[PDB]
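Next up, structure tokens for two forms of one chain, structure 1 and then structure 2.
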Structure 1
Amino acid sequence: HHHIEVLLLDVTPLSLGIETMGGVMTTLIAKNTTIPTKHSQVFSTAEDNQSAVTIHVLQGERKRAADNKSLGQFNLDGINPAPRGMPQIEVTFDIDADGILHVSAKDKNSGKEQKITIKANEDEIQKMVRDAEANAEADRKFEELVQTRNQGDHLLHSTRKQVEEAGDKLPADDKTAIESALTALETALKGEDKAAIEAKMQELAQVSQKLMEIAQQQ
């Protein structure tokens, strides 16, 4: 008989994750995930030629990083120069039967690896859960906003880089409309309105058609 059975030794009381760009908690191990378990996800740099990243370990159901429990922090340095998004940093959360959490960060290109060990009531747990359930909508809105923001900032930077290396190819009126749309996006990014930013991204995208060809023709 070829059957396999689930070992259930324990469950996690709260979500476990790391802080990512925009000050948001990104979950590696969700609440009520069976223990022992090993989850890992791949992340990247937020800047061109960024040489190091900070892993800030968080516990809780809130979306804003400061609104959760801070478990620990460590750095991964020696990341080889590359555009943002290029380096691949694998972050692993490993929970054993002892309930002891191990967090590691590993660069796949350079092989460099760093890690920490994190040790460790019901009233505080339930307070965190209730507090999360009370603010749930604001938290969701914040999360979506952050994602939209990072996307927009990316769009802004990339479009400006291609505009600078475009000339003198890129024509007059196109460059004017593009720069105006870029300014518009930049102002939208400071706001709390997700829809306005989506709108500005779309607007910048619709005056940007020629840029693609120009960069492609070399």
Structure 2
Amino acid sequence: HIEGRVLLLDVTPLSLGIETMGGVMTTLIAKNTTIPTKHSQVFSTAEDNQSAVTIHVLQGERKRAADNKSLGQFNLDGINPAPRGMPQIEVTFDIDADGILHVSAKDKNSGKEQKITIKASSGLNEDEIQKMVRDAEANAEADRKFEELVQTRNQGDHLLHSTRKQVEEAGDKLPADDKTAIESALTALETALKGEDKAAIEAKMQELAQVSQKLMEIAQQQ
């Protein structure tokens, strides 16, 4: 009983995640998480009828996908045509006790799944990790502003898309005054989204919602 083996733990030193709409990294495993570990999140499609999604696996602490370490990329396709947001692409990052990162994307509606396996770097990589941590600390402000702009644009894009769906469904029951007001606000929001002014995007989202209440009633009344 005198002899024994030394107990160690593997920890991820940098967040792990995938690229999502807007070129942003979305984290599935937090920095400083002990191995083994398994995390999953559900994602969906960005357009109606989209038949595939790209899963681009990233490691690092920056907000722009391009500024993190690319670990791998694969597609899940054969997604049958559906409205945006209907597919349920569950993406699971599972790192086993051997440091192997297993990435799965499965459409839970259909059971269709694709996978990749990413091996761990053979030690030592202290300088690489340090350089990535430093790079994120130096740019923490700029990255934060990028992330907030992307989030804002994606929210405006969400409001734009579901409001348009509700107009289309409202059809001729939408009075012309309302139709014109909403359509005009849709255009103004669409223009704000091309900007870099978060306040202006939020202002146009609020103006759109303010003129969309008759619409929501009809939408609610089939």
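All residue numbers here refer to structure 1's sequence, counted from 1. For the two forms, the rigid core is made up of the largest set of C-alpha atoms that agree within 1.5 Å on superposition.
Peer 1: Superpose on the core and compare between structure 1 and structure 2; which one of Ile178, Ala65, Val57, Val53 crosses the 2 Å Cα shift mark?
Peer 2: That would be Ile178.
Peer 1: Report the hinge rotation between structure 1 and structure 2 as a whole number of degrees, treating the chain as two rigid parts and superposing on C-alpha atoms.
Peer 2: Expressed in whole degrees, the smaller part rotates by 11 degrees between structure 1 and structure 2.
Peer 1: Please give the CA displacement of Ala166 between structure 1 and structure 2, in Å, after core superposition.
Peer 2: A shift of 4.2 Å at the C-alpha.
Peer 1: Please give the CA displacement of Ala196 between structure 1 and structure 2, in Å, after core superposition.
Peer 2: Its C-alpha moves by 1.0 Å once the cores are overlaid.
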